[PDB]
Amino acid sequence: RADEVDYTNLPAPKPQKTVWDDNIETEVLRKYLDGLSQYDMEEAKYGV
Amino acid sequence: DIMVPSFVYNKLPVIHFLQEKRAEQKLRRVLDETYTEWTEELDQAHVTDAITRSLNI
């Protein structure tokens with residue numbers, strides 16, 4: 001009868017960086033879309 | 001009638017040469033003071049970001 005499981009362990013939510021379609025509207029907006037992706041990843045890591 | 005006229009005649013070539021150089025000097029200085037001036041305008045991405053924030057997104 002050895003250790004079974006660490007019930008106080010949660011697999012961290014593996015985030016995924018949103019990928020935008022490559023058009024002119026993305027090249028013009030590249031900085032803004034990158035900021036949105038960074039904000040999304042930060043929210044996913046922290047929780048909200 | 002004779003003396004001063006001859007010495008004025010002798011002066012003409014050098015004065016003409018020096019004044020041509022002076023005129024070229026003025027033109028050269030006029031060109032040298034010209035320099036394309038590029039202006040910088042607020043990037044529209046910050047406008048697009050403030051637009052998004054105002055939406056409460």
Give me the residue from segment A:11-26 that is closer than 17 Å to residue A:43 by Cα and of a type in the set (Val, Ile, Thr) and, out of that set, surrounded by the most Cβ atoms within 10 Å (Cβ to Cβ).
A:18
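Rundown of residues vs (1) in a loop (DSSP other than H, G, I, E, B); (2) without any contact (Cβ under 8 Å) to a residue 40 or more places away in the chain; (3) within 14 Å of another protein chain (Cβ to nearest Cβ), yes/no style:
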{"residue": "A:4", "(1), (2), (3)": "yes, yes, no"}
{"residue": "A:10", "(1), (2), (3)": "yes, yes, no"}
{"residue": "A:15", "(1), (2), (3)": "yes, yes, no"}
{"residue": "A:22", "(1), (2), (3)": "yes, yes, no"}
{"residue": "A:33", "(1), (2), (3)": "no, yes, yes"}
{"residue": "A:38", "(1), (2), (3)": "no, yes, yes"}
{"residue": "A:42", "(1), (2), (3)": "no, yes, no"}
Just to be sure I understand, how many residues within segment B:38-52 are among the small types (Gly, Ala, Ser) and more than 10 Å from every other protein chain (Cβ to nearest Cβ)?
1
Being touching a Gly at 6+ places or on another chain (Cβ under 9 Å), part of a helix (DSSP H, G or I) and aliphatic (A, V, I, L, M) narrows it down to one residue among B:23, B:50, B:45; which is it?
B:45
Scan segment B:26-42 for residues that are of a type in the set (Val, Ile, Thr) and in a helix (DSSP H, G or I) and report the count.
1
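Ideal geometry is used to build each Cβ from the backbone, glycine not excepted, and the neighbour counts take in all protein chains shown. Bear in mind that the values in this text are calculations on the coordinates, not laboratory data.
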